[PDB]
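Novice: Experimental coordinates for this protein are included below, preceded by the sequence.
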Amino acid sequence: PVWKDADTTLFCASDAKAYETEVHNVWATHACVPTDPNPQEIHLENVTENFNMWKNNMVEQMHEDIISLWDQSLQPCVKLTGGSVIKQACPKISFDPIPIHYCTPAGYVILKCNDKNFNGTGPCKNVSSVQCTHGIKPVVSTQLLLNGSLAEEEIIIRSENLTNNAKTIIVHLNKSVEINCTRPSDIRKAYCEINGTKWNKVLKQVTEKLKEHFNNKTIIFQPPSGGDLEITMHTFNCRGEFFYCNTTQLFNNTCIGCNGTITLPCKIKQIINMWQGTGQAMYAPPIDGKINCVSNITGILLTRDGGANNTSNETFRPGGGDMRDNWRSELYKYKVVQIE
Ligand SMILES: CCCNC(=O)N1C[C@H](N)C[C@H](C(=O)Nc2ccc(Cl)c(F)c2)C1
Ligand SMILES: *[C@@H]1O[C@H](CO)[C@@H](O)[C@H](O)[C@H]1NC(C)=O
Ligand SMILES: *[C@@H]1O[C@H](CO)[C@@H](O)[C@H](O)[C@H]1NC(C)=O
Ligand SMILES: *[C@@H]1O[C@H](CO)[C@@H](O)[C@H](O)[C@H]1NC(C)=O
Ligand SMILES: *[C@@H]1O[C@H](CO)[C@@H](O)[C@H](O)[C@H]1NC(C)=O
Ligand SMILES: *[C@@H]1O[C@H](CO)[C@@H](O)[C@H](O)[C@H]1NC(C)=O
Ligand SMILES: *[C@@H]1O[C@H](CO)[C@@H](O)[C@H](O)[C@H]1NC(C)=O
Ligand SMILES: *[C@@H]1O[C@H](CO)[C@@H](O)[C@H](O)[C@H]1NC(C)=O
Ligand SMILES: *[C@@H]1O[C@H](CO)[C@@H](O)[C@H](O)[C@H]1NC(C)=O
Ligand SMILES: *[C@@H]1O[C@H](CO)[C@@H](O)[C@H](O)[C@H]1NC(C)=O
Ligand SMILES: *[C@@H]1O[C@H](CO)[C@@H](O)[C@H](O)[C@H]1NC(C)=O
């Protein structure tokens, strides 16, 4: 077996159900093939391969997919794009993401890093070859990574350049923390419940691994200092509704009598700034009754403050400036190569 580094157009595979009206199933039924019924993972013995999650074309490929999934799936009452206004019908839709497998065509193969504490760049000594990645849910989110996979041993810090403060940091947790978001039966006010004990325990460990990477300086968390609501708030879609939740209680440092349930104030917003970059979208008011979603916090997006090089401290705020890193945090151990 011999291969070289290569980019190629991938196809997608799903367990999408053709009878479903849910938009991710609708999309993957007409835009993906069925899941590999006999997927074979092939260990490459005493091969060491280099990987680079920040320089990986599958990320931009998955990105183009999720954009076209959202363009076909969501129907706003009004789109505000490039100085024109298009207004269509905005019926409520069924929204619940499903895992998407990414697969190489003929003559290419996907390599998978399996070293447990791989950080995303550098050599991997435990390499396998696969035909499709594992099922990845396209969870659109800010501040927290939701419903993703877990690191298998220690918590991992991922960055293209930790000494560059403009590069987003991906925190891969080894322990999921549940975040239970409810809009009960003003109709836009909602709330997310988190186990404070669980979260403060994990974040303590996040601080200790960050301190391992910032030469034992004191690690401080802070809320985002300004921006649009999509930045200052943890946003996500629960059943077609766009939730905006204040996380200031999560990135508090004293709790690093607060060991019970954190209750995060949330609001369902009709008008949003589109993460596609294309502008302002307006949706209809939320459905009647209780809107609940229980998700797994599996990672944190952090950007570190600048100008503290002569300081005792490093101060980190939640979030990043590109949906692509959400995809990166599940595609980090994957690499396409051309078979030579
Ligand atoms: C001229 C600029 C237009 N710009 C935007 O409209 N922006 C600016 C930035 N590129 C990305 C921002 C974002 O994160 N939106 C979002 C929407 C829904 C969910 Cl569920 C979510 F988690 C996040 C939105
Ligand atoms: C390499 O990874 C495999 C698959 O995840 C796992 O069984 C173990 O960590 C390693 N095994 C060998 C033989 O290196
Ligand atoms: C990733 O691992 C390499 C060693 O292979 C190391 O040089 C690099 O700094 C690591 N990245 C981070 C963000 O720690
Ligand atoms: C998670 O990682 C930390 C170190 O990063 C470690 O102390 C802790 O035991 C790990 N937890 C689990 C459940 O593996
Ligand atoms: C990381 O960022 C710092 C400051 O932004 C820069 O001086 C350094 O050259 C960068 N390292 C790499 C490997 O690009
Ligand atoms: C949440 O994480 C647990 C393990 O931490 C896992 O068993 C469960 O399936 C996850 N839930 C979702 C919706 O991914
Ligand atoms: C989520 O919260 C609601 C109300 O706060 C509660 O009724 C429900 O049982 C909770 N679910 C889980 C899994 O904690
Ligand atoms: C938080 O997790 C602990 C274990 O870490 C568990 O015993 C407790 O029930 C949880 N508390 C809440 C409020 O969910
Ligand atoms: C950082 O702190 C730990 C404390 O456990 C210590 O073992 C380690 O040697 C320190 N490293 C540096 C470079 O100060
Ligand atoms: C989050 O809540 C705090 C008070 O708990 C408030 O001061 C802050 O302005 C809120 N964030 C936003 C973006 O409104
Ligand atoms: C995470 O997965 C659970 C179970 O599939 C789902 O109910 C929940 O809505 C998901 N969260 C998000 C933000 O998609």
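Specialist: It's in. Numbers count the residues shown, from 1 in each chain. Ligands and ions are numbered 1, 2, ... in the order given.
Novice: Of all residues in the stretch 151-300 of the chain, which one is closest to ligand 7?
Specialist: Ligand 7 sits closest to residue 180 of the stretch 151-300 of the chain, with a gap of 3.7 Å, by C-beta to the nearest ligand atom. C-beta: built from backbone N, CA, C; applies to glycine.
Novice: likewise the stretch 1-150 of the chain?
Specialist: Closest point on the stretch 1-150 of the chain to ligand 7, by C-beta to the nearest ligand atom, is residue 147, at 14.0 Å.
Novice: quick one: residue 252 from residue 274, how far?
Specialist: 30 Å (C-beta to C-beta, to the nearest Å).
Novice: Doesn't residue 70 belong to a helix?
Specialist: Yes: assessed by DSSP: H, G, I helix; E, B strand; the rest coil, residue 70 belongs to a helix.
Novice: Stretch 77-84 near ligand 1 at all?
Specialist: No: judged by C-beta under 6 Å from any ligand atom, stretch 77-84 stays clear of ligand 1, getting no closer than 9.2 Å.
Novice: Show me which residues of the stretch 201-340 of the chain sit near ligand 7.
Specialist: Within the stretch 201-340 of the chain, the residues that sit near ligand 7 (C-beta under 6 Å from any ligand atom) are 292, 294.
Novice: Kindly provide the distance from the closest residue to ligand 6 within the stretch 201-340 of the chain to ligand 1.
Specialist: In the stretch 201-340 of the chain, the residue that lies nearest ligand 6 is residue 296 (3.7 Å; C-beta to the nearest ligand atom). Taking C-beta to the nearest ligand atom, to the nearest Å as the measure, residue 296 and ligand 1 are separated by 16 Å.
Novice: Can you pull the residues of the stretch 1-150 of the chain lying near ligand 11?
Specialist: Residues of the stretch 1-150 of the chain lying near ligand 11 (C-beta under 6 Å from any ligand atom): 97, 139, 146, 147.
Novice: sorry, back to before: contacting residues around the residue of the stretch 1-150 of the chain closest to ligand 7?
Specialist: For residue 147, the contact set (C-beta atoms under 8 Å, 6 or more residues apart in numbering) comprises 97, 137, 139, 295, 296, 298.
Novice: what helix or strand does residue 178 sit in?
Specialist: Assigned by DSSP states H and E, residue 178 belongs to strand 169-183.
Novice: centre of the chain versus the helix or strand just after that strand, how much separation?
Specialist: Scanning forward in sequence from strand 169-183 by DSSP H and E, the next helix or strand is strand 189-195. How far strand 189-195 lies from its chain's middle: 20 Å, per C-alpha atoms, centre = their mean, to the nearest Å.
Novice: Start the count at 505 instead of 1 going forward.
Specialist: Got it, the first residue is 505 from now on, which makes the last one we talked about strand 693-699.
Novice: which strands and helices sit next to strand 693-699?
Specialist: Counting contacts by 3 or more C-beta pairs under 8 Å, 6 or more residues apart in numbering; DSSP states H and E, strand 693-699 is packed against strand 673-687, strand 745-749, strand 765-772.
Novice: Not counting the shortest one itself, show me its contacts.
Specialist: Yep, that's strand 745-749 we're talking about. 685, 687, 694, 696, 733-734, 737-741, 768-773, 776, 787, 790-791, 795, 797.
Novice: Pull out the buried residues from these.
Specialist: 685, 687, 694, 696, 734, 737-741, 768, 770-773, 776, 787, 790, 795, 797 (16 or more other C-beta atoms under 10 Å).
Novice: A helix includes residue 533, no?
Specialist: Yes: under three-state DSSP, residue 533 sits within a helix.
Novice: do you know how far it is from ligand 1?
Specialist: Residue 533 sits 23 Å away from ligand 1, going by C-beta to the nearest ligand atom.
Novice: any idea how far the residue of the stretch 505-654 of the chain found nearest ligand 10 is from residue 690?
Specialist: Nearest residue of the stretch 505-654 of the chain to ligand 10 (C-beta to the nearest ligand atom) works out as residue 647 at 11.4 Å. Going from residue 647 to residue 690 by C-beta to C-beta gives 23 Å.
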